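K.L.:
Just so it is clear, I am handing over input39.csv, which has CSV, C-alpha atoms and all ligand atoms.
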chain,number,residue,atom,x,y,z
A,1,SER,CA,-19.2,4.6,-45.6
A,2,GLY,CA,-22.3,2.9,-47.2
A,3,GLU,CA,-23.1,5.2,-50.3
A,4,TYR,CA,-22.4,3.8,-53.8
A,5,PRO,CA,-18.8,4.5,-54.5
A,6,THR,CA,-18.0,7.2,-57.0
A,7,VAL,CA,-15.2,8.0,-59.5
A,8,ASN,CA,-13.3,10.5,-57.4
A,9,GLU,CA,-13.7,8.2,-54.4
A,10,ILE,CA,-11.8,5.2,-55.9
A,11,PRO,CA,-8.1,5.6,-56.9
A,12,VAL,CA,-7.2,3.8,-60.0
A,13,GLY,CA,-6.0,0.3,-59.0
A,14,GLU,CA,-8.3,-0.2,-56.0
A,15,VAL,CA,-11.6,-2.0,-56.1
A,16,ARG,CA,-14.7,-1.7,-53.9
A,17,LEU,CA,-17.7,-4.0,-53.6
A,18,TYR,CA,-21.3,-2.9,-52.9
A,19,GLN,CA,-23.9,-5.3,-51.6
A,20,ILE,CA,-26.9,-5.1,-53.9
A,21,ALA,CA,-29.1,-7.9,-52.5
A,22,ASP,CA,-28.6,-11.2,-50.7
A,23,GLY,CA,-25.8,-13.0,-52.6
A,24,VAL,CA,-25.4,-10.1,-55.1
A,25,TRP,CA,-22.7,-7.5,-55.1
A,26,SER,CA,-21.5,-5.0,-57.7
A,27,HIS,CA,-17.8,-4.3,-58.1
A,28,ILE,CA,-16.5,-0.8,-58.8
A,29,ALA,CA,-13.1,0.2,-60.1
A,30,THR,CA,-11.6,3.2,-61.9
A,31,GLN,CA,-9.4,3.4,-65.0
A,32,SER,CA,-7.8,6.0,-67.2
A,33,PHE,CA,-8.6,6.1,-70.9
A,34,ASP,CA,-7.6,8.8,-73.4
A,35,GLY,CA,-6.5,11.0,-70.5
A,36,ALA,CA,-9.7,11.0,-68.4
A,37,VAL,CA,-10.7,8.8,-65.4
A,38,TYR,CA,-13.9,6.8,-65.4
A,39,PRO,CA,-15.6,4.4,-63.0
A,40,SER,CA,-17.0,1.1,-64.1
A,41,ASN,CA,-19.2,-1.6,-62.6
A,42,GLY,CA,-19.4,-5.4,-62.7
A,43,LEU,CA,-21.4,-8.0,-60.8
A,44,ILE,CA,-20.7,-10.9,-58.4
A,45,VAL,CA,-23.4,-13.5,-57.8
A,46,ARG,CA,-23.2,-16.2,-55.1
A,47,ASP,CA,-23.4,-19.7,-56.8
A,48,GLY,CA,-23.6,-22.0,-53.8
A,49,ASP,CA,-20.2,-22.1,-52.2
A,50,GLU,CA,-18.7,-20.5,-55.3
A,51,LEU,CA,-19.0,-17.1,-57.1
A,52,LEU,CA,-19.9,-16.1,-60.6
A,53,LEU,CA,-18.2,-13.0,-61.8
A,54,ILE,CA,-19.7,-10.7,-64.4
A,55,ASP,CA,-17.1,-8.5,-66.2
A,56,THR,CA,-13.6,-7.6,-65.3
A,57,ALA,CA,-12.5,-4.5,-63.3
A,58,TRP,CA,-11.1,-2.8,-66.4
A,59,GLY,CA,-7.5,-3.9,-66.6
A,60,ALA,CA,-5.1,-6.5,-65.4
A,61,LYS,CA,-4.0,-4.8,-62.1
A,62,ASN,CA,-7.6,-3.7,-61.3
A,63,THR,CA,-8.7,-7.3,-61.9
A,64,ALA,CA,-6.0,-8.7,-59.6
A,65,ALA,CA,-7.2,-6.2,-57.0
A,66,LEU,CA,-10.8,-7.3,-57.6
A,67,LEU,CA,-9.9,-10.9,-56.8
A,68,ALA,CA,-8.1,-9.8,-53.6
A,69,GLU,CA,-11.1,-7.7,-52.5
A,70,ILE,CA,-13.5,-10.6,-53.1
A,71,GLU,CA,-11.2,-12.8,-51.0
A,72,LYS,CA,-11.2,-10.2,-48.2
A,73,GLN,CA,-14.9,-9.4,-48.2
A,74,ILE,CA,-16.6,-12.6,-49.3
A,75,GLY,CA,-14.0,-15.4,-49.1
A,76,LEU,CA,-15.6,-17.8,-51.6
A,77,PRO,CA,-13.8,-18.8,-54.8
A,78,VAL,CA,-14.6,-17.2,-58.2
A,79,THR,CA,-15.0,-20.1,-60.5
A,80,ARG,CA,-16.5,-18.6,-63.7
A,81,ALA,CA,-16.7,-15.2,-65.3
A,82,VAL,CA,-18.8,-13.9,-68.1
A,83,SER,CA,-17.9,-10.8,-70.1
A,84,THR,CA,-20.9,-8.8,-71.4
A,85,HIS,CA,-19.2,-7.2,-74.4
A,86,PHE,CA,-15.7,-7.0,-76.0
A,87,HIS,CA,-14.4,-3.7,-74.7
A,88,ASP,CA,-11.5,-3.5,-72.2
A,89,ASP,CA,-13.8,-2.5,-69.3
A,90,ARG,CA,-15.4,-6.0,-69.7
A,91,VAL,CA,-12.5,-8.3,-70.9
A,92,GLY,CA,-9.4,-6.4,-69.7
A,93,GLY,CA,-8.3,-8.7,-66.9
A,94,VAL,CA,-9.4,-11.9,-68.5
A,95,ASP,CA,-5.8,-13.1,-68.7
A,96,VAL,CA,-5.4,-12.5,-65.0
A,97,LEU,CA,-8.7,-14.4,-64.3
A,98,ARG,CA,-7.7,-17.3,-66.5
A,99,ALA,CA,-4.3,-17.6,-64.7
A,100,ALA,CA,-6.1,-17.5,-61.4
A,101,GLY,CA,-8.1,-20.6,-62.3
A,102,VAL,CA,-11.3,-18.8,-63.3
A,103,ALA,CA,-13.1,-20.2,-66.4
A,104,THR,CA,-13.9,-17.2,-68.7
A,105,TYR,CA,-16.9,-17.1,-71.0
A,106,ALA,CA,-18.4,-14.8,-73.6
A,107,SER,CA,-20.6,-15.0,-76.7
A,108,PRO,CA,-18.9,-16.0,-79.9
A,109,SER,CA,-19.7,-12.5,-81.2
A,110,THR,CA,-17.8,-11.0,-78.2
A,111,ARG,CA,-14.9,-13.4,-78.7
A,112,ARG,CA,-14.5,-12.5,-82.4
A,113,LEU,CA,-14.7,-8.8,-81.7
A,114,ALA,CA,-12.2,-8.9,-78.8
A,115,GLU,CA,-9.8,-11.0,-81.0
A,116,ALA,CA,-10.1,-8.6,-83.9
A,117,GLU,CA,-9.5,-5.5,-81.9
A,118,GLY,CA,-6.6,-6.8,-79.8
A,119,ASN,CA,-8.5,-7.2,-76.5
A,120,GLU,CA,-8.2,-10.1,-74.1
A,121,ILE,CA,-10.2,-13.1,-75.2
A,122,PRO,CA,-12.5,-15.2,-72.9
A,123,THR,CA,-11.8,-18.9,-73.3
A,124,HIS,CA,-15.3,-20.4,-73.7
A,125,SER,CA,-18.1,-19.5,-76.1
A,126,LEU,CA,-21.7,-19.0,-75.0
A,127,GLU,CA,-24.0,-20.4,-77.7
A,128,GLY,CA,-27.7,-19.7,-77.8
A,129,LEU,CA,-27.4,-15.9,-77.6
A,130,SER,CA,-27.1,-14.9,-81.3
A,131,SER,CA,-30.6,-13.7,-82.0
A,132,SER,CA,-32.1,-10.7,-80.1
A,133,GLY,CA,-34.5,-11.9,-77.4
A,134,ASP,CA,-32.4,-15.0,-76.8
A,135,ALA,CA,-31.8,-16.1,-73.2
A,136,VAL,CA,-29.8,-18.9,-71.6
A,137,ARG,CA,-29.2,-19.9,-68.0
A,138,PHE,CA,-25.7,-19.7,-66.5
A,139,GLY,CA,-25.5,-20.7,-62.9
A,140,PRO,CA,-27.6,-18.3,-60.7
A,141,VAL,CA,-28.2,-15.9,-63.6
A,142,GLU,CA,-30.0,-15.6,-66.9
A,143,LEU,CA,-28.0,-14.1,-69.8
A,144,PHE,CA,-30.1,-12.1,-72.4
A,145,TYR,CA,-29.1,-10.7,-75.7
A,146,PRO,CA,-31.3,-7.6,-76.3
A,147,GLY,CA,-29.9,-6.6,-79.7
A,148,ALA,CA,-27.4,-4.0,-80.7
A,149,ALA,CA,-27.1,-1.0,-78.4
A,150,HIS,CA,-23.8,0.2,-76.8
A,151,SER,CA,-22.2,-2.5,-78.9
A,152,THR,CA,-23.5,-5.2,-81.3
A,153,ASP,CA,-22.6,-7.9,-78.9
A,154,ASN,CA,-23.8,-6.5,-75.5
A,155,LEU,CA,-25.4,-8.9,-73.1
A,156,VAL,CA,-27.5,-8.2,-70.1
A,157,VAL,CA,-27.7,-10.3,-66.9
A,158,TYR,CA,-30.7,-11.0,-64.7
A,159,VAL,CA,-30.5,-12.5,-61.2
A,160,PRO,CA,-34.0,-14.1,-60.7
A,161,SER,CA,-33.6,-14.8,-57.0
A,162,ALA,CA,-33.2,-11.1,-56.3
A,163,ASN,CA,-34.8,-9.4,-59.3
A,164,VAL,CA,-31.6,-7.7,-60.1
A,165,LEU,CA,-31.0,-6.5,-63.7
A,166,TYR,CA,-27.4,-5.9,-64.7
A,167,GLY,CA,-27.7,-3.9,-67.9
A,168,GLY,CA,-24.0,-3.4,-68.5
A,169,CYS,CA,-23.1,-0.7,-70.9
A,170,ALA,CA,-26.4,-0.8,-72.7
A,171,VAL,CA,-27.9,0.9,-69.7
A,172,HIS,CA,-26.9,4.4,-68.4
A,173,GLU,CA,-27.2,5.9,-65.0
A,174,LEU,CA,-29.8,8.5,-64.2
A,175,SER,CA,-27.4,11.4,-63.8
A,176,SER,CA,-26.1,10.9,-67.4
A,177,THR,CA,-27.3,13.4,-69.9
A,178,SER,CA,-24.9,11.8,-72.4
A,179,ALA,CA,-24.8,8.3,-74.0
A,180,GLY,CA,-21.2,7.6,-72.9
A,181,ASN,CA,-18.7,6.1,-75.3
A,182,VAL,CA,-20.7,5.5,-78.5
A,183,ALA,CA,-17.7,4.6,-80.7
A,184,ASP,CA,-19.1,1.1,-81.4
A,185,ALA,CA,-22.8,1.7,-80.7
A,186,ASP,CA,-25.9,1.4,-82.9
A,187,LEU,CA,-27.9,4.5,-81.9
A,188,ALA,CA,-30.8,3.6,-84.2
A,189,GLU,CA,-31.3,0.1,-82.7
A,190,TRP,CA,-30.5,1.0,-79.1
A,191,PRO,CA,-34.0,2.1,-78.1
A,192,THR,CA,-35.5,-1.1,-79.6
A,193,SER,CA,-33.0,-3.2,-77.7
A,194,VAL,CA,-33.9,-1.3,-74.5
A,195,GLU,CA,-37.6,-1.9,-75.1
A,196,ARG,CA,-36.8,-5.6,-75.4
A,197,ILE,CA,-35.2,-5.5,-72.0
A,198,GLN,CA,-38.1,-3.6,-70.5
A,199,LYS,CA,-40.5,-6.2,-71.9
A,200,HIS,CA,-38.5,-9.2,-70.8
A,201,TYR,CA,-37.8,-8.0,-67.2
A,202,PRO,CA,-40.8,-6.1,-65.9
A,203,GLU,CA,-40.2,-7.2,-62.3
A,204,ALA,CA,-36.7,-5.9,-62.0
A,205,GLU,CA,-36.2,-4.1,-58.7
A,206,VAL,CA,-32.6,-2.9,-59.1
A,207,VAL,CA,-31.1,-1.9,-62.4
A,208,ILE,CA,-27.2,-1.6,-62.6
A,209,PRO,CA,-25.6,0.4,-65.4
A,210,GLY,CA,-22.2,-0.4,-66.8
A,211,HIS,CA,-20.9,2.8,-65.4
A,212,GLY,CA,-22.4,4.8,-62.4
A,213,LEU,CA,-25.1,4.4,-59.9
A,214,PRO,CA,-27.7,1.7,-59.7
A,215,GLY,CA,-31.4,2.6,-59.5
A,216,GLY,CA,-34.7,1.1,-60.5
A,217,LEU,CA,-36.5,0.5,-63.7
A,218,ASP,CA,-36.3,4.2,-64.7
A,219,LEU,CA,-32.8,3.6,-65.8
A,220,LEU,CA,-34.1,1.8,-68.8
A,221,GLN,CA,-36.4,4.6,-70.1
A,222,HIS,CA,-33.8,7.2,-69.2
A,223,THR,CA,-31.3,5.3,-71.4
A,224,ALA,CA,-33.7,5.2,-74.3
A,225,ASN,CA,-34.3,8.9,-73.9
A,226,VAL,CA,-30.6,9.9,-73.7
A,227,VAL,CA,-29.8,7.8,-76.8
A,228,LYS,CA,-32.6,9.2,-78.9
A,229,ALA,CA,-31.6,12.7,-77.9
A,230,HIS,CA,-28.0,12.0,-78.7
A,231,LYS,CA,-29.0,10.8,-82.2
A,232,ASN,CA,-31.3,13.9,-82.5
B,1,LIG,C1,-18.8,10.8,-70.0
B,1,LIG,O1,-18.1,9.8,-70.7
B,1,LIG,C2,-18.5,8.5,-70.4
B,1,LIG,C3,-17.9,7.4,-71.0
B,1,LIG,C4,-18.3,6.2,-70.7
B,1,LIG,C5,-17.6,5.0,-71.3
B,1,LIG,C6,-18.1,3.8,-71.7
B,1,LIG,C7,-19.5,3.4,-71.8
B,1,LIG,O2,-20.4,4.3,-72.2
B,1,LIG,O3,-19.8,2.1,-71.8
B,1,LIG,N1,-17.1,3.0,-72.2
B,1,LIG,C8,-15.9,3.6,-72.1
B,1,LIG,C9,-14.6,3.2,-72.6
B,1,LIG,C10,-14.5,1.8,-73.2
B,1,LIG,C11,-13.3,1.0,-72.7
B,1,LIG,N2,-14.5,1.9,-74.6
B,1,LIG,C12,-13.5,2.3,-75.4
B,1,LIG,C13,-14.0,2.3,-76.8
B,1,LIG,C14,-13.6,1.2,-77.8
B,1,LIG,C15,-13.4,2.3,-78.9
B,1,LIG,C16,-12.0,2.2,-79.6
B,1,LIG,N3,-12.1,3.1,-80.7
B,1,LIG,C17,-13.6,3.4,-77.8
B,1,LIG,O4,-15.5,2.3,-76.6
B,1,LIG,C18,-15.7,2.0,-75.3
B,1,LIG,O5,-16.9,1.9,-74.9
B,1,LIG,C19,-13.6,4.0,-72.4
B,1,LIG,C20,-13.8,5.3,-71.8
B,1,LIG,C21,-15.0,5.7,-71.3
B,1,LIG,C22,-16.1,4.9,-71.6
B,1,LIG,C23,-19.3,6.0,-69.7
B,1,LIG,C24,-19.9,7.1,-69.2
B,1,LIG,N4,-19.5,8.3,-69.5
B,2,ZN,ZN,-18.1,-0.6,-74.1
B,3,ZN,ZN,-18.7,0.6,-70.8
What does this structure look like when you write it as C-alpha cells?

P.N.:
Amino acid sequence: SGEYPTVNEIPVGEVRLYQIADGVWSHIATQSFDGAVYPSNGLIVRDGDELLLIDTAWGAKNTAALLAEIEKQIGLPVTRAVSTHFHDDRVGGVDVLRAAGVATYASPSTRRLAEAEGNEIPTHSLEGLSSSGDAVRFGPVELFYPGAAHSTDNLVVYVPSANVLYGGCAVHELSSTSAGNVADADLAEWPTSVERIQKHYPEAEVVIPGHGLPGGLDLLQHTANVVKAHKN
C-alpha cells in the first residue's frame, strides 16, 4: 500500500513495481539461494514509447512475472535490457527476455564471467566501459563503470532526467550492517570505487541499492563504511 516492498511481503515468484520518479520505476522480486530468501531490485526507465530494463528479476519465472507486471502497470514494451554484473540476480532471466523479443546487453567483462560460471549470457557487448571512470549513454541512462566493488564487472546506472542513481550491488541499503554476498568482491578497491561514484554523481537525489530500500546520497558513504568495517 505505498511503502517500498520488503522481503517478507513478496512471495517468491511475484514481482512488484515501485514508482521512483517520472518515467522511473524499480522492480522488486524475491528468490531463494542456499536456503535463505532474499529480495532484489532492478530498474525500469521510460524510453519514449518503449522501456529500458536494468537487471532481471533473479530467475526465469520471476523474470516472466516481471514482464507480465510491466504489461499490467505500464503497458509499454520492454525493448532492451542491461545487466549490471554477471550474477544470477542480474542475468538470471536473460533467456526469458531474449525469447520475449528483448535485446539483452552487458559489458564484455560481464559476458565473459557469466559464460565462465554457467550463468545466462546477454547477447550484446557494451564497449567503452572497461576502465574505471568510463561512462557511455544508453537510451535515457548513463552507464558508469566505477571499478571493482561487489564484483569486478559491476556497473552503475544514472537517469539524468530524474537524478536517479541505481547503484546495483555495489551499493547497500542503510539498514545493512553487513556487506552482503562478498564471494566475488574486491573489499580493498570497493571504497575507492564508491568514491568515484560519489565524485561523478554529486547531484543524485535517489540512490537505489541492488537489494533493499532506496534512499539518498548517504547510501554511498554508508556502503563505504560497511565494506571497510567488514574488511576490518
Ligand atoms: C544478508 O545477506 C545479504 C546477501 C545479499 C546478496 C547479494 C548482494 O550482496 O549483492 N547477492 C546475493 C546472491 C547472488 C546471486 N550471488 C551469489 C554469489 C555468486 C557466488 C558463487 N560462489 C555467490 O554471489 C552473489 O552475489 C545470492 C544470495 C544473497 C545475495 C544482499 C544482502 N544481504
Ligand atoms: Zn552479485
Ligand atoms: Zn546482488

K.L.:
As a PyMOL selection string, please: the residues near residue A:133 (cut-off 10 Å, all atoms listed in the file, same-chain neighbours under 5 positions excluded).

P.N.:
chain A and resi 144-147+193+196-197+199-200

K.L.:
As a compact mmCIF listing (two decimals) with C-alpha atoms, keeping the file's coordinate frame, please: every protein or nucleic acid residue near ligand ZN 3 (chain B) (cut-off 9 Å, counting only C-alpha atoms and all ligand atoms).

P.N.:
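And here's part.txt as it stands now:
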# COMPACT_ATOMS: atom_id res chain seq x y z
CA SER A 40 -17.00 1.10 -64.10
CA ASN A 41 -19.20 -1.60 -62.60
CA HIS A 85 -19.20 -7.20 -74.40
CA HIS A 87 -14.40 -3.70 -74.70
CA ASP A 88 -11.50 -3.50 -72.20
CA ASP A 89 -13.80 -2.50 -69.30
CA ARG A 90 -15.40 -6.00 -69.70
CA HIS A 150 -23.80 0.20 -76.80
CA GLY A 168 -24.00 -3.40 -68.50
CA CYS A 169 -23.10 -0.70 -70.90
CA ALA A 170 -26.40 -0.80 -72.70
CA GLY A 180 -21.20 7.60 -72.90
CA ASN A 181 -18.70 6.10 -75.30
CA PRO A 209 -25.60 0.40 -65.40
CA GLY A 210 -22.20 -0.40 -66.80
CA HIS A 211 -20.90 2.80 -65.40

K.L.:
For ligand LIG 1 (chain B), which residue among A:22, A:205, A:115, A:184 is the nearest when counting only C-alpha atoms and all ligand atoms?

P.N.:
A:184

K.L.:
Could you list, as a PyMOL selection string, every residue within 12 Å of residue A:39, counting only C-alpha atoms and ignoring same-chain residues fewer than 3 positions away?

P.N.:
chain A and resi 4-16+27-33+36+42+57-58+62+89+173+180+209-213

K.L.:
How many Å lie between atom CA of residue A:107 and atom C8 of ligand LIG 1 (chain B), rounded to one decimal?

P.N.:
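Going from atom CA of residue A:107 over to atom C8 of ligand LIG 1 (chain B), I get 19.7 Å.
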
K.L.:
As an exercise, work out the distance from atom CA of residue A:229 to atom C12 of ligand LIG 1 (chain B) in Å and give it to one decimal place.

P.N.:
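Interatomic distance here is 21.0 Å.
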
K.L.:
Within 12 Å of (-25.1, 0.6, -84.8) (coordinates as in the file), grab all the protein and nucleic acid residues, counting all atoms listed in the file, and write them out as a PDB file with C-alpha atoms, keeping the file's coordinate frame.

P.N.:
ATOM      1  CA  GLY A 147     -29.900  -6.600 -79.700  1.00  0.00           C
ATOM      2  CA  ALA A 148     -27.400  -4.000 -80.700  1.00  0.00           C
ATOM      3  CA  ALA A 149     -27.100  -1.000 -78.400  1.00  0.00           C
ATOM      4  CA  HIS A 150     -23.800   0.200 -76.800  1.00  0.00           C
ATOM      5  CA  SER A 151     -22.200  -2.500 -78.900  1.00  0.00           C
ATOM      6  CA  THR A 152     -23.500  -5.200 -81.300  1.00  0.00           C
ATOM      7  CA  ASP A 153     -22.600  -7.900 -78.900  1.00  0.00           C
ATOM      8  CA  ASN A 154     -23.800  -6.500 -75.500  1.00  0.00           C
ATOM      9  CA  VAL A 182     -20.700   5.500 -78.500  1.00  0.00           C
ATOM     10  CA  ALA A 183     -17.700   4.600 -80.700  1.00  0.00           C
ATOM     11  CA  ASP A 184     -19.100   1.100 -81.400  1.00  0.00           C
ATOM     12  CA  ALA A 185     -22.800   1.700 -80.700  1.00  0.00           C
ATOM     13  CA  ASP A 186     -25.900   1.400 -82.900  1.00  0.00           C
ATOM     14  CA  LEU A 187     -27.900   4.500 -81.900  1.00  0.00           C
ATOM     15  CA  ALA A 188     -30.800   3.600 -84.200  1.00  0.00           C
ATOM     16  CA  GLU A 189     -31.300   0.100 -82.700  1.00  0.00           C
ATOM     17  CA  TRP A 190     -30.500   1.000 -79.100  1.00  0.00           C
ATOM     18  CA  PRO A 191     -34.000   2.100 -78.100  1.00  0.00           C
ATOM     19  CA  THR A 192     -35.500  -1.100 -79.600  1.00  0.00           C
ATOM     20  CA  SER A 193     -33.000  -3.200 -77.700  1.00  0.00           C
ATOM     21  CA  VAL A 227     -29.800   7.800 -76.800  1.00  0.00           C
ATOM     22  CA  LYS A 231     -29.000  10.800 -82.200  1.00  0.00           C
TER      23      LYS A 231
END

K.L.:
Take atom CA of residue A:217 and atom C13 of ligand LIG 1 (chain B) and report the distance between them in Å, one decimal.

P.N.:
26.1 Å

K.L.:
So which one's closest to residue A:19, A:2, A:75, A:35, A:122? Using all atoms listed in the file, please.

P.N.:
A:2

K.L.:
With 3 Å added on each side, what axis-aligned box encloses every listed atom of stretch 91-99 of chain A? Give the centre and edge lengths in Å to one decimal, as JSON.

P.N.:
{"center_x": -8.4, "center_y": -12.0, "center_z": -67.6, "size_x": 14.2, "size_y": 17.2, "size_z": 12.6}

K.L.:
Here is a test: counting all atoms listed in the file, which residue of A:113, A:17, A:54, A:24 is nearest to residue A:66?

P.N.:
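Nearest candidate to residue A:66 out of A:113, A:17, A:54, A:24: A:17.
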
K.L.:
Considering only C-alpha atoms and all ligand atoms, can you say which of A:171, A:224, A:208, A:103 comes closest to ligand LIG 1 (chain B)?

P.N.:
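Among A:171, A:224, A:208, A:103, it is A:171 that comes nearest to ligand LIG 1 (chain B).
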
K.L.:
Mind listing whatever residues come within 10 Å of the point (-13.0, -21.7, -71.2)? Use all atoms listed in the file, file coordinates, and give them as a tab-separated table (two decimals) with C-alpha atoms, in the frame of the given file.

P.N.:
chain	number	residue	atom	x	y	z
A	80	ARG	CA	-16.50	-18.60	-63.70
A	81	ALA	CA	-16.70	-15.20	-65.30
A	98	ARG	CA	-7.70	-17.30	-66.50
A	102	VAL	CA	-11.30	-18.80	-63.30
A	103	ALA	CA	-13.10	-20.20	-66.40
A	104	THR	CA	-13.90	-17.20	-68.70
A	105	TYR	CA	-16.90	-17.10	-71.00
A	106	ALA	CA	-18.40	-14.80	-73.60
A	121	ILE	CA	-10.20	-13.10	-75.20
A	122	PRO	CA	-12.50	-15.20	-72.90
A	123	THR	CA	-11.80	-18.90	-73.30
A	124	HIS	CA	-15.30	-20.40	-73.70
A	125	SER	CA	-18.10	-19.50	-76.10
A	126	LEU	CA	-21.70	-19.00	-75.00

K.L.:
Out of A:216, A:167, A:101, A:118, which residue has the shortest atom-to-atom distance to residue A:79 when counting all atoms listed in the file?

P.N.:
A:101

K.L.:
Might you pull out every residue within 10 Å of residue A:135, with only C-alpha atoms counted and same-chain residues fewer than 5 positions away left off, and present them as a ChimeraX atom specification?

P.N.:
/A:127-130,142-146,155-158,200
